[PDB]
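Okay, so here's the structure we're looking at.
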Amino acid sequence: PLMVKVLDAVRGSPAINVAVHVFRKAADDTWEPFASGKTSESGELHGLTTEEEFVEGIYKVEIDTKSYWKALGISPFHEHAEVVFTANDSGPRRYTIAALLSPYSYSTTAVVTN
Amino acid sequence: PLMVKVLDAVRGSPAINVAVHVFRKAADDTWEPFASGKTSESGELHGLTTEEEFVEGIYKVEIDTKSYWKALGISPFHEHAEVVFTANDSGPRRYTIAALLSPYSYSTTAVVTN
Amino acid sequence: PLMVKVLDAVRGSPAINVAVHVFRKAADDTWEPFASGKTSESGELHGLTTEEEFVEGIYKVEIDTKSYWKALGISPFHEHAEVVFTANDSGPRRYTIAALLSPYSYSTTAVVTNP
Amino acid sequence: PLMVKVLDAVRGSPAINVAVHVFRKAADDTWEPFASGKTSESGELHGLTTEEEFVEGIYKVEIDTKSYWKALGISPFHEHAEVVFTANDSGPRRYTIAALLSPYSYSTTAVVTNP
Ligand SMILES: O=C(O)c1ccc2nc(-c3cc(Cl)cc(Cl)c3)oc2c1
Ligand SMILES: O=C(O)c1ccc2nc(-c3cc(Cl)cc(Cl)c3)oc2c1
C-alpha cells in the first residue's frame, strides 16, 4: 500500500541506498516510528507496510538526502526531505511517494491509485 | 531502450491517454517522425522503439499536455511539453523520460540506466 | 536574510496568503518557534528575522500548503511542505526558500547569497 | 510584458548568463525569431519585448540549458528547455517564465498577471 521512489536529478539515475524513515503521528502529536529501509538499485523501497497495518492517519516520510549527497562527495543544502500527508480510506488504495533530488532542491509528488 | 512516463500533479495519478510523439533530428535540422503512442493506465508508454532503431542522435519527445488538461475540463498554459535530448552510446542504455504535469507548470527528468 | 516565495502551479500566479512558520532547533533538540508570517499578493514573505537574530542553527521552514489549498476549497494531499537546513554556519548568508505548489505535489529550491 | 527567470538547483543560485531565444509562430506555421537575451547576475532577463510588439500569438521560449551547463564544464542531458504557450489572446497580460535547472532535469512554471 506504500512505496517510496527516489530519483537523482544530477546524475539522471535512481537514488540508490538512500535511507528512508516512515513515522505515524500519535495521539499526543509526536511522531512514532512506523517503517524504514534503504532504496534499492531502482531507487525504490517496497515492503514498508501491509494493508492491515497502514490505517488512516498522518504519516511522515523522511528521506536522508544529506547522507546521499555526502556519499557522492557533494555538499547539499537540506538536512533531509520530509513528506507529510494523510492516508484516507475514501481515496485510492495504493500510495507511491516519489521524490526528485538535487543538491539545493527537491520535488515530490504522490501517485495514488487503485 | 526508450520509455515515457507522465504523472498528474493535480489529481495525484498517472496521466492516462496522453498523446506522445517522438521525433529524430534529421541532417537538415528538421524533425522527422520517429515513434508515437498514448500513455497507458499507468501513465507509461512502452514499445516506442527497438535497440536497432534507436541510434545516437538528438530526439524530441512532445507530450500533448493541452489536450490532456482540456479533456479534464481544465484550461492549461502550455501548448505541449517538449523534451529534447541527445542519445549517447557511451552512457547507459535505457532511457526513461518522466514528466510531472500541472496546468501552468511541468517538470521533467531523465532516468538513464543499464 | 530570510525570504520565502511561493507560487501556484494550478493558477499560474503567486500563492497569496500562505502561512509560514519557521522553527530553530534548540540545544535540547526540540523545534523552537522562531518566526512566522504570511505571503503577500506577490507570493513573498519578507521581514521574518534580522541578521542579529538569525544566528547559526538548523532551521525548519514550514509552508502551510494544506491550509492554503483548503482556503481555496480544494482537498490537497500534503499536510505542509517542510524545508530543513543548516544556516549561517560559514557566517551570515541570505536565504530565499522558494516553493511551487500543486494539490498533490510541490517543489522547493534555495537561493543562497553572500552579501 | 515578458520576463524570464532561471535558477540553478545544483549551486543554489540564480542561473547567470543563460541564453534565451524567443520565437513566435508565423502565419505559415514557421517559428519566427522574436527576441533574445541573456540572464543577468540575478538570473533574470528583462527587456525582451514591448506591449506593442508582444501581440497575440503562440510563443516559444527556448532556454539554452545545454550551453549553460557546458560553459560550467558539465555534460548535461537536455539540449534546451522549450516553453510554448499562447499569449495575449484575451488581451495583454504580463508573463514570467521561470525555470529551475539541474543537469538531468528541469522544471518550469508561468506567472501570468493582468495589469
Ligand atoms: O512510480 C513510479 O514508478 C515512478 C516512475 C517515474 C517517476 N518519475 C517521477 C517524478 C518525475 C519528476 Cl519530473 C518529478 C517528480 Cl517529483 C517525480 O516520479 C516517478 C514515479
Ligand atoms: O518571479 C520571480 O522573481 C521568482 C522568484 C523565485 C522563484 N522561484 C521559482 C521556482 C521555484 C521552483 Cl521550486 C520551481 C520553479 Cl520552476 C520556479 O520561480 C521563481 C520566480
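Numbering, chain B: per Swiss-Prot, residues 31-144 in sequence.
Using the three backbone atoms N, Cα and C, a Cβ is placed for every residue, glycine included.
Listed in Swiss-Prot:
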- B:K35, B:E74, B:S137: L-thyroxine binding site (BINDING)
- B:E62: 4-carboxyglutamate (MOD_RES)
- B:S72: phosphoserine (MOD_RES)
- B:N118: N-linked glycosylation site (CARBOHYD)
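Closeness to chain D is evaluated for the recorded positions B:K35, B:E62, B:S72, B:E74, B:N118, B:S137 by Cβ distance, with values under 8 Å counted; counted residues in sequence order are B:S137. Per Cα geometry, B:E62 is the residue among the recorded positions B:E62, B:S72, B:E74, B:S137 nearest to B:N118 (N-linked glycosylation site). Proximity to chain C (CB-CB distance below 8 Å) holds for B:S137 among the recorded positions B:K35, B:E62, B:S72, B:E74, B:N118, B:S137. Residues from the set of recorded positions B:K35, B:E62, B:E74, B:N118, B:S137 situated with their C-beta under 8 Å of a chain A C-beta: B:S137. For the residue listed as 'phosphoserine', the same-chain residues lying six or more positions away in sequence with a CB closer than 8 A to its CB are B:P44. By the rule that a residue counts when its Cβ sits under 6 Å from some atom of ligand 1, the recorded positions B:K35, B:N118, B:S137 yield B:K35, B:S137. Reported as a whole number, the C-alpha separation between B:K35 (L-thyroxine binding site) and B:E62 (4-carboxyglutamate) equals 22 Å.
Counting only the Cα atoms, the space from B:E62 (4-carboxyglutamate) to B:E74 (L-thyroxine binding site) is about 22 angstrom. The recorded positions examined here are B:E62, B:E74; by Cβ neighbour count within 10 Å, the least packed of them is B:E62. For the recorded positions B:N118, B:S137, counting C-beta atoms within 10 A of each C-beta gives the highest total at B:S137.
Cβ neighbour count for B:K35 (L-thyroxine binding site) (all protein chains, 10 Å cutoff from its Cβ): 20.
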